[PDB]
Each structure stands twice: as structure tokens, then as C-alpha cells.
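J.: Provided below: data.pdb, containing PDB, C-alpha atoms and all ligand atoms.
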```
MODEL        1
ATOM      1  CA  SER O   1     120.413-140.417 -96.512  1.00  0.00           C
ATOM      2  CA  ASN O   2     118.527-138.587 -99.292  1.00  0.00           C
ATOM      3  CA  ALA O   3     120.555-135.367 -99.267  1.00  0.00           C
ATOM      4  CA  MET O   4     123.765-136.442 -97.486  1.00  0.00           C
ATOM      5  CA  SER O   5     126.336-137.368-100.147  1.00  0.00           C
ATOM      6  CA  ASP O   6     129.600-137.058 -98.219  1.00  0.00           C
ATOM      7  CA  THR O   7     132.053-139.987 -98.090  1.00  0.00           C
ATOM      8  CA  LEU O   8     132.242-139.627 -94.277  1.00  0.00           C
ATOM      9  CA  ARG O   9     128.796-139.343 -92.685  1.00  0.00           C
ATOM     10  CA  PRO O  10     127.162-138.924 -89.279  1.00  0.00           C
ATOM     11  CA  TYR O  11     124.711-141.143 -87.461  1.00  0.00           C
ATOM     12  CA  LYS O  12     123.172-139.341 -84.478  1.00  0.00           C
ATOM     13  CA  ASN O  13     126.264-137.950 -82.636  1.00  0.00           C
ATOM     14  CA  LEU O  14     128.687-140.511 -84.100  1.00  0.00           C
ATOM     15  CA  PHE O  15     131.206-139.677 -86.837  1.00  0.00           C
ATOM     16  CA  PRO O  16     134.201-141.547 -88.223  1.00  0.00           C
ATOM     17  CA  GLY O  17     137.575-141.238 -86.480  1.00  0.00           C
ATOM     18  CA  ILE O  18     140.517-141.321 -88.895  1.00  0.00           C
ATOM     19  CA  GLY O  19     144.219-141.872 -88.243  1.00  0.00           C
ATOM     20  CA  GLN O  20     147.167-140.972 -90.440  1.00  0.00           C
ATOM     21  CA  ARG O  21     147.765-141.862 -94.095  1.00  0.00           C
ATOM     22  CA  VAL O  22     144.257-143.326 -94.380  1.00  0.00           C
ATOM     23  CA  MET O  23     142.770-143.729 -97.846  1.00  0.00           C
ATOM     24  CA  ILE O  24     138.983-143.611 -98.128  1.00  0.00           C
ATOM     25  CA  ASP O  25     137.893-143.818-101.730  1.00  0.00           C
ATOM     26  CA  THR O  26     135.588-140.996-102.766  1.00  0.00           C
ATOM     27  CA  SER O  27     133.095-143.598-104.040  1.00  0.00           C
ATOM     28  CA  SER O  28     132.861-145.314-100.663  1.00  0.00           C
ATOM     29  CA  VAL O  29     130.453-144.634 -97.815  1.00  0.00           C
ATOM     30  CA  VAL O  30     131.606-144.581 -94.187  1.00  0.00           C
ATOM     31  CA  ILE O  31     128.923-143.826 -91.602  1.00  0.00           C
ATOM     32  CA  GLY O  32     128.882-143.250 -87.884  1.00  0.00           C
ATOM     33  CA  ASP O  33     131.217-144.738 -85.323  1.00  0.00           C
ATOM     34  CA  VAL O  34     133.888-146.141 -87.647  1.00  0.00           C
ATOM     35  CA  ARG O  35     137.398-145.970 -86.223  1.00  0.00           C
ATOM     36  CA  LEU O  36     140.121-146.300 -88.876  1.00  0.00           C
ATOM     37  CA  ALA O  37     143.671-146.658 -87.622  1.00  0.00           C
ATOM     38  CA  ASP O  38     146.832-145.496 -89.407  1.00  0.00           C
ATOM     39  CA  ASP O  39     147.500-146.779 -92.928  1.00  0.00           C
ATOM     40  CA  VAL O  40     144.023-148.260 -93.431  1.00  0.00           C
ATOM     41  CA  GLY O  41     142.884-148.358 -97.053  1.00  0.00           C
ATOM     42  CA  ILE O  42     139.192-148.336 -97.962  1.00  0.00           C
ATOM     43  CA  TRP O  43     138.926-149.181-101.655  1.00  0.00           C
ATOM     44  CA  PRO O  44     136.174-148.233-104.167  1.00  0.00           C
ATOM     45  CA  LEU O  45     132.468-148.901-103.635  1.00  0.00           C
ATOM     46  CA  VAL O  46     132.770-150.064-100.024  1.00  0.00           C
ATOM     47  CA  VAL O  47     130.140-149.425 -97.349  1.00  0.00           C
ATOM     48  CA  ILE O  48     131.141-149.324 -93.667  1.00  0.00           C
ATOM     49  CA  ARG O  49     128.081-148.588 -91.550  1.00  0.00           C
ATOM     50  CA  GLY O  50     128.774-148.119 -87.843  1.00  0.00           C
ATOM     51  CA  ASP O  51     125.368-146.816 -86.840  1.00  0.00           C
ATOM     52  CA  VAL O  52     123.700-149.285 -84.465  1.00  0.00           C
ATOM     53  CA  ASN O  53     127.115-150.410 -83.243  1.00  0.00           C
ATOM     54  CA  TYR O  54     130.768-149.469 -83.760  1.00  0.00           C
ATOM     55  CA  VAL O  55     133.332-150.641 -86.302  1.00  0.00           C
ATOM     56  CA  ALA O  56     137.036-150.609 -85.329  1.00  0.00           C
ATOM     57  CA  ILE O  57     139.666-151.305 -87.986  1.00  0.00           C
ATOM     58  CA  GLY O  58     143.303-151.724 -86.976  1.00  0.00           C
ATOM     59  CA  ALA O  59     146.428-150.289 -88.578  1.00  0.00           C
ATOM     60  CA  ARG O  60     147.580-151.279 -92.070  1.00  0.00           C
ATOM     61  CA  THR O  61     144.342-153.100 -92.875  1.00  0.00           C
ATOM     62  CA  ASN O  62     142.784-153.033 -96.335  1.00  0.00           C
ATOM     63  CA  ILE O  63     139.077-153.256 -97.014  1.00  0.00           C
ATOM     64  CA  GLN O  64     138.801-154.129-100.684  1.00  0.00           C
ATOM     65  CA  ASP O  65     136.427-153.024-103.396  1.00  0.00           C
ATOM     66  CA  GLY O  66     132.745-153.830-103.090  1.00  0.00           C
ATOM     67  CA  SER O  67     132.839-154.976 -99.465  1.00  0.00           C
ATOM     68  CA  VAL O  68     130.052-154.253 -96.978  1.00  0.00           C
ATOM     69  CA  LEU O  69     130.706-154.011 -93.239  1.00  0.00           C
ATOM     70  CA  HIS O  70     127.856-153.820 -90.732  1.00  0.00           C
ATOM     71  CA  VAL O  71     126.931-154.697 -87.150  1.00  0.00           C
ATOM     72  CA  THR O  72     124.035-155.868 -84.948  1.00  0.00           C
ATOM     73  CA  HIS O  73     122.145-153.434 -82.719  1.00  0.00           C
ATOM     74  CA  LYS O  74     121.971-153.462 -78.937  1.00  0.00           C
ATOM     75  CA  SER O  75     118.832-154.862 -77.328  1.00  0.00           C
ATOM     76  CA  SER O  76     117.590-156.616 -74.188  1.00  0.00           C
ATOM     77  CA  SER O  77     118.500-160.092 -75.454  1.00  0.00           C
ATOM     78  CA  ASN O  78     121.909-158.823 -76.602  1.00  0.00           C
ATOM     79  CA  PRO O  79     122.918-155.689 -74.652  1.00  0.00           C
ATOM     80  CA  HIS O  80     126.346-155.367 -76.327  1.00  0.00           C
ATOM     81  CA  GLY O  81     124.965-156.052 -79.781  1.00  0.00           C
ATOM     82  CA  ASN O  82     127.656-157.263 -82.205  1.00  0.00           C
ATOM     83  CA  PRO O  83     130.217-154.618 -83.111  1.00  0.00           C
ATOM     84  CA  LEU O  84     132.757-155.251 -85.860  1.00  0.00           C
ATOM     85  CA  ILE O  85     136.352-155.485 -84.670  1.00  0.00           C
ATOM     86  CA  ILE O  86     139.171-155.978 -87.170  1.00  0.00           C
ATOM     87  CA  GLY O  87     142.864-156.145 -86.251  1.00  0.00           C
ATOM     88  CA  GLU O  88     146.108-154.983 -87.855  1.00  0.00           C
ATOM     89  CA  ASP O  89     147.618-156.105 -91.194  1.00  0.00           C
ATOM     90  CA  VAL O  90     144.312-157.662 -92.243  1.00  0.00           C
ATOM     91  CA  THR O  91     143.385-158.208 -95.887  1.00  0.00           C
ATOM     92  CA  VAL O  92     139.632-158.069 -96.406  1.00  0.00           C
ATOM     93  CA  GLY O  93     139.175-159.285 -99.964  1.00  0.00           C
ATOM     94  CA  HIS O  94     136.994-157.840-102.676  1.00  0.00           C
ATOM     95  CA  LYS O  95     133.233-158.119-102.228  1.00  0.00           C
ATOM     96  CA  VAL O  96     133.448-159.459 -98.671  1.00  0.00           C
ATOM     97  CA  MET O  97     130.496-159.253 -96.274  1.00  0.00           C
ATOM     98  CA  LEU O  98     131.531-158.745 -92.623  1.00  0.00           C
ATOM     99  CA  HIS O  99     128.815-158.546 -90.010  1.00  0.00           C
ATOM    100  CA  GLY O 100     129.353-158.149 -86.271  1.00  0.00           C
ATOM    101  CA  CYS O 101     132.441-160.365 -86.099  1.00  0.00           C
ATOM    102  CA  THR O 102     135.926-160.179 -84.580  1.00  0.00           C
ATOM    103  CA  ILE O 103     138.987-160.594 -86.767  1.00  0.00           C
ATOM    104  CA  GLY O 104     142.497-160.751 -85.329  1.00  0.00           C
ATOM    105  CA  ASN O 105     145.760-159.616 -86.871  1.00  0.00           C
ATOM    106  CA  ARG O 106     147.265-160.891 -90.151  1.00  0.00           C
ATOM    107  CA  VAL O 107     144.094-162.511 -91.485  1.00  0.00           C
ATOM    108  CA  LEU O 108     143.250-162.815 -95.168  1.00  0.00           C
ATOM    109  CA  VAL O 109     139.523-163.028 -95.872  1.00  0.00           C
ATOM    110  CA  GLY O 110     139.156-164.392 -99.396  1.00  0.00           C
ATOM    111  CA  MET O 111     137.130-162.395-101.889  1.00  0.00           C
ATOM    112  CA  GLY O 112     133.380-162.979-101.913  1.00  0.00           C
ATOM    113  CA  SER O 113     133.293-164.476 -98.401  1.00  0.00           C
ATOM    114  CA  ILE O 114     130.725-163.857 -95.656  1.00  0.00           C
ATOM    115  CA  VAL O 115     131.612-163.681 -91.932  1.00  0.00           C
ATOM    116  CA  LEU O 116     128.679-163.493 -89.517  1.00  0.00           C
ATOM    117  CA  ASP O 117     127.929-162.158 -86.077  1.00  0.00           C
ATOM    118  CA  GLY O 118     129.944-163.303 -83.114  1.00  0.00           C
ATOM    119  CA  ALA O 119     132.405-165.216 -85.268  1.00  0.00           C
ATOM    120  CA  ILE O 120     135.969-164.948 -83.953  1.00  0.00           C
ATOM    121  CA  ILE O 121     138.837-165.335 -86.398  1.00  0.00           C
ATOM    122  CA  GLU O 122     142.152-165.705 -84.596  1.00  0.00           C
ATOM    123  CA  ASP O 123     145.465-164.245 -85.838  1.00  0.00           C
ATOM    124  CA  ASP O 124     147.319-165.728 -88.843  1.00  0.00           C
ATOM    125  CA  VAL O 125     144.325-167.281 -90.618  1.00  0.00           C
ATOM    126  CA  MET O 126     143.431-167.589 -94.284  1.00  0.00           C
ATOM    127  CA  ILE O 127     139.868-167.987 -95.517  1.00  0.00           C
ATOM    128  CA  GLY O 128     139.358-169.163 -99.092  1.00  0.00           C
ATOM    129  CA  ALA O 129     137.334-167.162-101.615  1.00  0.00           C
ATOM    130  CA  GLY O 130     133.570-167.622-101.490  1.00  0.00           C
ATOM    131  CA  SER O 131     133.483-168.985 -97.932  1.00  0.00           C
ATOM    132  CA  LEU O 132     130.885-168.569 -95.213  1.00  0.00           C
ATOM    133  CA  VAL O 133     131.829-168.335 -91.534  1.00  0.00           C
ATOM    134  CA  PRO O 134     128.686-168.986 -89.416  1.00  0.00           C
ATOM    135  CA  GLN O 135     127.566-166.990 -86.397  1.00  0.00           C
ATOM    136  CA  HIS O 136     129.672-167.603 -83.285  1.00  0.00           C
ATOM    137  CA  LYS O 137     132.207-169.778 -85.117  1.00  0.00           C
ATOM    138  CA  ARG O 138     135.791-169.594 -83.804  1.00  0.00           C
ATOM    139  CA  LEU O 139     138.564-170.104 -86.389  1.00  0.00           C
ATOM    140  CA  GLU O 140     141.787-171.376 -84.839  1.00  0.00           C
ATOM    141  CA  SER O 141     145.042-169.510 -85.526  1.00  0.00           C
ATOM    142  CA  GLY O 142     147.413-170.833 -88.192  1.00  0.00           C
ATOM    143  CA  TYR O 143     145.009-172.683 -90.492  1.00  0.00           C
ATOM    144  CA  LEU O 144     143.325-172.479 -93.871  1.00  0.00           C
ATOM    145  CA  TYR O 145     139.525-172.535 -93.816  1.00  0.00           C
ATOM    146  CA  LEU O 146     137.273-172.800 -96.803  1.00  0.00           C
ATOM    147  CA  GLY O 147     133.762-173.687 -97.811  1.00  0.00           C
ATOM    148  CA  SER O 148     130.196-172.686 -97.076  1.00  0.00           C
ATOM    149  CA  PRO O 149     130.164-173.174 -94.125  1.00  0.00           C
ATOM    150  CA  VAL O 150     133.921-173.291 -93.662  1.00  0.00           C
ATOM    151  CA  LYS O 151     135.876-176.393 -92.764  1.00  0.00           C
ATOM    152  CA  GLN O 152     139.384-176.345 -91.303  1.00  0.00           C
ATOM    153  CA  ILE O 153     141.466-177.733 -94.173  1.00  0.00           C
ATOM    154  CA  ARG O 154     145.078-177.797 -92.961  1.00  0.00           C
ATOM    155  CA  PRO O 155     147.745-175.668 -91.277  1.00  0.00           C
ATOM    156  CA  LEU O 156     149.082-172.748 -93.276  1.00  0.00           C
ATOM    157  CA  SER O 157     152.432-173.467 -94.854  1.00  0.00           C
ATOM    158  CA  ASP O 158     155.251-171.246 -93.680  1.00  0.00           C
ATOM    159  CA  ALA O 159     155.110-169.447 -97.053  1.00  0.00           C
ATOM    160  CA  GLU O 160     151.377-168.805 -96.627  1.00  0.00           C
ATOM    161  CA  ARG O 161     151.913-167.529 -93.116  1.00  0.00           C
ATOM    162  CA  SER O 162     154.486-165.041 -94.417  1.00  0.00           C
ATOM    163  CA  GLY O 163     152.140-164.265 -97.322  1.00  0.00           C
ATOM    164  CA  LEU O 164     149.571-162.843 -94.900  1.00  0.00           C
ATOM    165  CA  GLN O 165     152.028-160.116 -93.940  1.00  0.00           C
ATOM    166  CA  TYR O 166     153.166-159.618 -97.545  1.00  0.00           C
ATOM    167  CA  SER O 167     149.550-159.002 -98.604  1.00  0.00           C
ATOM    168  CA  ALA O 168     149.064-156.311 -95.959  1.00  0.00           C
ATOM    169  CA  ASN O 169     152.426-154.735 -96.846  1.00  0.00           C
ATOM    170  CA  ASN O 170     151.555-154.648-100.557  1.00  0.00           C
ATOM    171  CA  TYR O 171     148.215-152.996 -99.868  1.00  0.00           C
ATOM    172  CA  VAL O 172     149.802-150.292 -97.706  1.00  0.00           C
ATOM    173  CA  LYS O 173     152.209-149.557-100.583  1.00  0.00           C
ATOM    174  CA  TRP O 174     149.374-149.497-103.110  1.00  0.00           C
ATOM    175  CA  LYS O 175     147.175-147.167-101.071  1.00  0.00           C
ATOM    176  CA  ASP O 176     150.240-144.911-100.712  1.00  0.00           C
ATOM    177  CA  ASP O 177     150.516-144.861-104.526  1.00  0.00           C
ATOM    178  CA  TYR O 178     146.983-143.491-104.708  1.00  0.00           C
ATOM    179  CA  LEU O 179     147.534-141.034-101.865  1.00  0.00           C
ATOM    180  CA  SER O 180     150.670-139.761-103.611  1.00  0.00           C
ATOM    181  CA  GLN O 181     148.528-139.036-106.667  1.00  0.00           C
ATOM    182  CA  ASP O 182     146.277-136.870-104.472  1.00  0.00           C
ATOM    183  CA  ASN O 183     149.218-134.884-103.074  1.00  0.00           C
ATOM    184  CA  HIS O 184     150.254-133.922-106.605  1.00  0.00           C
TER     185      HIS O 184
HETATM  186 ZN    ZN O 201     123.304-155.516 -90.913  1.00  0.00          ZN
ENDMDL
END
```
Have the structure of the file written as C-alpha cells, please.

T.:
Amino acid sequence: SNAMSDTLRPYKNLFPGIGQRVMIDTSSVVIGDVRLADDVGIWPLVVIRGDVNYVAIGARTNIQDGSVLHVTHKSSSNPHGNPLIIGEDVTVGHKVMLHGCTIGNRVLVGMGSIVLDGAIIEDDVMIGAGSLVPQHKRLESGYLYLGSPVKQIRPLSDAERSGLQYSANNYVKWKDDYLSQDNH
């Protein structure tokens, strides 16, 4: 709002719920019903707005710089609305737009991509930079998708599959580097 300048902010009676060893950059804006599990890192200049619906982010997931995360409101034609559900060990790349979608575990969303409402990204998926995942699109586990709108390109190589976990692991280490700077 116009006077509220906190990093963590209310919407009506909703307020973020934060686990352990969570980094939320001071320059970022986290509003309302945003549930951040252990070891989540929210990098600079990110907005996560869980006002008209909730946002749930699983453990050891990074939301990289410049991303915006939002949701669709609840109404008669859509009583549930579209909340934003993100699993564990997920890498949300820089400048990603996530809106009302579901992302499983060990997914890398390439920088500059857009994922729209009702999309469902299964576990162990990579999305190339600059992609667009349309509303209600399901992305099958174990594949590379890229394009606007995305096409299924090929199965992930075994190295790429492992790389999904490596990315999440690296980002937990890196957020811990920043947190260690705070504690000193
Ligand atoms: Zn929106």
C-alpha cells in the first residue's frame, strides 16, 4: 500500500507463514497468505502476492530475482480460484511470471518464462528460458519443454535430471551464504 513498506505484509487477516532458514530479501515484497517452507530463498526484487488466493512454496525452493508470483480470485464461475502451489527443490529462474499454477518437485523454470493459471507441471521437468506455458497445460514428468507456447522437446538426459537437484542444492547453499552474513 501507500504507507506499508514492510517486506512481509498483510492482506485482510492473512499474513505470510515462514519456516526455518528462510531468506526473504529486504527488497522483495511478500503479501498475504504466502506459506514458505524451510530453506526457501526469495531473491531480490521479487513480488509474491497471496491476497485473492494463497501461495504455497515447498522446502528448498528458490524464487529468483525479478520474479512475480500471483493467483486468480475466487468467484462463482471458479469457486476455488487458482492458487499457486510450488513443490520442493524447485528452481524458479530470474524474471519468471507464475500465475495460479501447480509446480511439482525438482522443476527448473527457465529465466524469463511465464506459467499461467491451472497449468500443472509434473516433477522432474525443465522449461527453457523465455517459454510460455498456457492455461491448463499439463507438462509430463521427465521432459524438456521450450517455446512460446511450449512444445515437449525430448526426455531429460540423466545428467539433466540430476542437474535439477544440483540446482536446488546450490541455491540452498547460496542463500545460506547470505544468511550467514546476516548472523555476523
Ligand atoms: Zn494476477

J.: To verify the selection step, state as a PyMOL selection string which residues the PyMOL selection byres (((chain O and resi 97-103) around 6) and not hetatm) yields on this input.

T.: chain O and resi 67-72+82-87+96+104+114-121

J.: Write the residues of the preceding selection, restricted to C-alpha atoms, as a JSON list (two decimals), in the coordinates of the input.

T.:
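This went into part.json:
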```json
[["chain", "number", "residue", "atom", "x", "y", "z"],
["O", 67, "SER", "CA", 132.84, -154.98, -99.46],
["O", 68, "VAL", "CA", 130.05, -154.25, -96.98],
["O", 69, "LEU", "CA", 130.71, -154.01, -93.24],
["O", 70, "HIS", "CA", 127.86, -153.82, -90.73],
["O", 71, "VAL", "CA", 126.93, -154.70, -87.15],
["O", 72, "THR", "CA", 124.04, -155.87, -84.95],
["O", 82, "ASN", "CA", 127.66, -157.26, -82.20],
["O", 83, "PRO", "CA", 130.22, -154.62, -83.11],
["O", 84, "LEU", "CA", 132.76, -155.25, -85.86],
["O", 85, "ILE", "CA", 136.35, -155.49, -84.67],
["O", 86, "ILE", "CA", 139.17, -155.98, -87.17],
["O", 87, "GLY", "CA", 142.86, -156.15, -86.25],
["O", 96, "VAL", "CA", 133.45, -159.46, -98.67],
["O", 104, "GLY", "CA", 142.50, -160.75, -85.33],
["O", 114, "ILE", "CA", 130.72, -163.86, -95.66],
["O", 115, "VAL", "CA", 131.61, -163.68, -91.93],
["O", 116, "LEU", "CA", 128.68, -163.49, -89.52],
["O", 117, "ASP", "CA", 127.93, -162.16, -86.08],
["O", 118, "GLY", "CA", 129.94, -163.30, -83.11],
["O", 119, "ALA", "CA", 132.40, -165.22, -85.27],
["O", 120, "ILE", "CA", 135.97, -164.95, -83.95],
["O", 121, "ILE", "CA", 138.84, -165.34, -86.40]]
```

J.: Could you list, as a list in words, every residue matched by the PyMOL selection byres (((chain O and resi 42) around 9) and not hetatm) in this structure?

T.: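 Applying the PyMOL selection byres (((chain O and resi 42) around 9) and not hetatm) to the structure shown produces residues 22, 23, 24, 25, 28, 40, 41, 43, 44, 45, 46, 61, 62, 63, 64, 65 and 175 of chain O.
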
J.: I would like the residues chosen by the PyMOL selection byres (((chain O and resi 33-38) around 7) and not hetatm) on the shown file; could you give them as a PyMOL selection string?

T.: chain O and resi 14-22+31-32+39-40+50-51+54-60

J.: Measuring between all atoms listed in the file, which one of O:29, O:132, O:5, O:49 shows the shortest distance to ligand ZN 201 (chain O)?

T.: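 Using all atoms listed in the file, the shortest distance to ligand ZN 201 (chain O) belongs to O:49.
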
J.: Per residue of stretch 54-135 of chain O within 9 Å of stretch 150-155 of chain O, record the nearest atom pair and its distance in Å to one decimal, counting all atoms listed in the file, with rows in chain order and ascending residue number, as a Markdown table.

T.:
```
| residue | atom | partner | partner_atom | distance |
| --- | --- | --- | --- | --- |
| O:127 | CA | O:150 | CA | 8.2 |
| O:128 | CA | O:150 | CA | 8.7 |
| O:131 | CA | O:150 | CA | 6.1 |
| O:132 | CA | O:150 | CA | 5.8 |
| O:133 | CA | O:150 | CA | 5.8 |
| O:134 | CA | O:150 | CA | 8.0 |
```

J.: Go ahead and write the residues just picked, C-alpha atoms, as a tab-separated table (two decimals), in the frame of the given file.

T.:
```tsv
chain	number	residue	atom	x	y	z
O	127	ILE	CA	139.87	-167.99	-95.52
O	128	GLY	CA	139.36	-169.16	-99.09
O	131	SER	CA	133.48	-168.98	-97.93
O	132	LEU	CA	130.88	-168.57	-95.21
O	133	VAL	CA	131.83	-168.34	-91.53
O	134	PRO	CA	128.69	-168.99	-89.42
```

J.: Here is a test: counting all atoms listed in the file, which residue of O:4, O:111, O:92, O:47 is nearest to ligand ZN 201 (chain O)?

T.: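 Between O:4, O:111, O:92, O:47, the residue approaching ligand ZN 201 (chain O) most closely is O:47.
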
J.: What is the atom CA of residue O:166 to atom CA of residue O:124 distance in Å?

T.: 12.1 Å

J.: Please determine, counting all atoms listed in the file, which residue among O:48, O:30, O:129, O:8 has the shortest atom-to-atom distance to ligand ZN 201 (chain O).

T.: O:48

J.: Calculated over only C-alpha atoms and all ligand atoms, which of the candidates O:167, O:2, O:53, O:162 has the smallest distance to ligand ZN 201 (chain O)?

T.: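 Of the candidates, the smallest distance to ligand ZN 201 (chain O) is held by O:53.
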
J.: Place N, CA, C and O atoms on stretch 15-33 of chain O and deliver the coordinates as a PDB file, in the coordinates of the input.

T.:
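And here is the file that came out, out_19.pdb:
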```
ATOM      1  N   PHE O  15     130.566-140.090 -85.595  1.00  0.00           N
ATOM      2  CA  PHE O  15     131.206-139.677 -86.837  1.00  0.00           C
ATOM      3  C   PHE O  15     132.526-140.440 -86.935  1.00  0.00           C
ATOM      4  O   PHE O  15     133.125-140.775 -85.908  1.00  0.00           O
ATOM      5  N   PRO O  16     132.985-140.730 -88.159  1.00  0.00           N
ATOM      6  CA  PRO O  16     134.201-141.547 -88.223  1.00  0.00           C
ATOM      7  C   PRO O  16     135.435-140.874 -87.617  1.00  0.00           C
ATOM      8  O   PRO O  16     135.585-139.650 -87.690  1.00  0.00           O
ATOM      9  N   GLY O  17     136.298-141.688 -87.011  1.00  0.00           N
ATOM     10  CA  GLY O  17     137.575-141.238 -86.480  1.00  0.00           C
ATOM     11  C   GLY O  17     138.699-141.809 -87.323  1.00  0.00           C
ATOM     12  O   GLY O  17     138.760-143.019 -87.505  1.00  0.00           O
ATOM     13  N   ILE O  18     139.580-140.953 -87.834  1.00  0.00           N
ATOM     14  CA  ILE O  18     140.517-141.321 -88.895  1.00  0.00           C
ATOM     15  C   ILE O  18     141.944-141.045 -88.435  1.00  0.00           C
ATOM     16  O   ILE O  18     142.253-139.936 -87.974  1.00  0.00           O
ATOM     17  N   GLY O  19     142.808-142.049 -88.549  1.00  0.00           N
ATOM     18  CA  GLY O  19     144.219-141.872 -88.243  1.00  0.00           C
ATOM     19  C   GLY O  19     145.015-141.261 -89.380  1.00  0.00           C
ATOM     20  O   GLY O  19     144.489-140.510 -90.196  1.00  0.00           O
ATOM     21  N   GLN O  20     146.303-141.576 -89.433  1.00  0.00           N
ATOM     22  CA  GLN O  20     147.167-140.972 -90.440  1.00  0.00           C
ATOM     23  C   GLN O  20     147.362-141.855 -91.666  1.00  0.00           C
ATOM     24  O   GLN O  20     147.368-143.084 -91.570  1.00  0.00           O
ATOM     25  N   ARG O  21     147.530-141.203 -92.814  1.00  0.00           N
ATOM     26  CA  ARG O  21     147.765-141.862 -94.095  1.00  0.00           C
ATOM     27  C   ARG O  21     146.640-142.848 -94.423  1.00  0.00           C
ATOM     28  O   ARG O  21     146.877-143.926 -94.968  1.00  0.00           O
ATOM     29  N   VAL O  22     145.409-142.481 -94.077  1.00  0.00           N
ATOM     30  CA  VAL O  22     144.257-143.326 -94.380  1.00  0.00           C
ATOM     31  C   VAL O  22     143.713-142.963 -95.754  1.00  0.00           C
ATOM     32  O   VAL O  22     143.527-141.776 -96.051  1.00  0.00           O
ATOM     33  N   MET O  23     143.475-143.967 -96.596  1.00  0.00           N
ATOM     34  CA  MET O  23     142.770-143.729 -97.846  1.00  0.00           C
ATOM     35  C   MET O  23     141.308-144.145 -97.696  1.00  0.00           C
ATOM     36  O   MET O  23     141.027-145.266 -97.285  1.00  0.00           O
ATOM     37  N   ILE O  24     140.388-143.240 -98.010  1.00  0.00           N
ATOM     38  CA  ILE O  24     138.983-143.611 -98.128  1.00  0.00           C
ATOM     39  C   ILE O  24     138.512-143.193 -99.504  1.00  0.00           C
ATOM     40  O   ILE O  24     138.410-142.002 -99.803  1.00  0.00           O
ATOM     41  N   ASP O  25     138.244-144.163-100.363  1.00  0.00           N
ATOM     42  CA  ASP O  25     137.893-143.818-101.730  1.00  0.00           C
ATOM     43  C   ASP O  25     136.689-142.890-101.752  1.00  0.00           C
ATOM     44  O   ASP O  25     135.742-143.065-100.987  1.00  0.00           O
ATOM     45  N   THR O  26     136.687-141.940-102.666  1.00  0.00           N
ATOM     46  CA  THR O  26     135.588-140.996-102.766  1.00  0.00           C
ATOM     47  C   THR O  26     134.264-141.685-103.074  1.00  0.00           C
ATOM     48  O   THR O  26     133.225-141.128-102.831  1.00  0.00           O
ATOM     49  N   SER O  27     134.324-142.880-103.651  1.00  0.00           N
ATOM     50  CA  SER O  27     133.095-143.598-104.040  1.00  0.00           C
ATOM     51  C   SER O  27     132.545-144.467-102.907  1.00  0.00           C
ATOM     52  O   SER O  27     131.511-145.104-103.050  1.00  0.00           O
ATOM     53  N   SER O  28     133.251-144.488-101.788  1.00  0.00           N
ATOM     54  CA  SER O  28     132.861-145.314-100.663  1.00  0.00           C
ATOM     55  C   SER O  28     132.046-144.525 -99.649  1.00  0.00           C
ATOM     56  O   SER O  28     131.943-143.307 -99.748  1.00  0.00           O
ATOM     57  N   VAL O  29     131.424-145.232 -98.718  1.00  0.00           N
ATOM     58  CA  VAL O  29     130.453-144.634 -97.815  1.00  0.00           C
ATOM     59  C   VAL O  29     130.784-145.145 -96.420  1.00  0.00           C
ATOM     60  O   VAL O  29     130.716-146.357 -96.163  1.00  0.00           O
ATOM     61  N   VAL O  30     131.171-144.229 -95.530  1.00  0.00           N
ATOM     62  CA  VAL O  30     131.606-144.581 -94.187  1.00  0.00           C
ATOM     63  C   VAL O  30     130.782-143.774 -93.194  1.00  0.00           C
ATOM     64  O   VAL O  30     130.883-142.554 -93.156  1.00  0.00           O
ATOM     65  N   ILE O  31     129.953-144.462 -92.415  1.00  0.00           N
ATOM     66  CA  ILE O  31     128.923-143.826 -91.602  1.00  0.00           C
ATOM     67  C   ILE O  31     129.107-144.102 -90.120  1.00  0.00           C
ATOM     68  O   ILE O  31     129.280-145.247 -89.701  1.00  0.00           O
ATOM     69  N   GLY O  32     129.017-143.054 -89.313  1.00  0.00           N
ATOM     70  CA  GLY O  32     128.882-143.250 -87.884  1.00  0.00           C
ATOM     71  C   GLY O  32     130.182-143.555 -87.175  1.00  0.00           C
ATOM     72  O   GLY O  32     131.232-142.973 -87.482  1.00  0.00           O
ATOM     73  N   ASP O  33     130.100-144.474 -86.217  1.00  0.00           N
ATOM     74  CA  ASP O  33     131.217-144.738 -85.323  1.00  0.00           C
ATOM     75  C   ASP O  33     132.139-145.784 -85.959  1.00  0.00           C
ATOM     76  O   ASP O  33     132.116-146.977 -85.596  1.00  0.00           O
TER      77      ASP O  33
END
```
